[PDB]
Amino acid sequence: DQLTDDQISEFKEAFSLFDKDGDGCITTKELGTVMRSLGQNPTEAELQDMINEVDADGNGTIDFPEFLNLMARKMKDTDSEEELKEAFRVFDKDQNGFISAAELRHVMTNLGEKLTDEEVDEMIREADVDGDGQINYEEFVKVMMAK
């Protein structure tokens, strides 16, 4: 949950981009500029929502810690997603988008968990929602959560 000093100053850097007048707070106006300057055209209403949902102190603008806390929450969500994707990739030994019984066995072994044939097949079936005999990425996420 603690950020490093370089993550904080990069985040300051990023904040700086949004903070057009450098007053240390980001307005609806400034937010709109940054987006327009990237193709997007949002309503005042939408800008107001984006600010308001970030504006923990309700003063009407986003300051550095408010920005930072958003970024840290996004980062924590990406991280978690990545972790799940990496784990799937480790299991999916032929990189085919499915974990097979054989792939689950081999990998499970190489992680110091040696399973029986029966246990391997049970673990596939538990997770195998659509009954095709192999575990796709969303089955793998589903069953990971179960816990």
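Residue numbers here begin at 1 and follow the sequence given.
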Mean Cα B-factor comparison, 29-37 or 76-84, giving the higher one as deposited: 29-37
According to the deposited model, is the average Cα temperature factor higher in 38-46 or in 97-105? 38-46
Max C-alpha B-factor within the set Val90, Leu111, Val54, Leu68 falls on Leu111
Peak C-alpha temperature factor (PDB record), options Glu10, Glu126, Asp19, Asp130: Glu10
Rank-wise, by C-alpha B-factor, drop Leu115 into the lowest, middle or highest third of its chain. highest
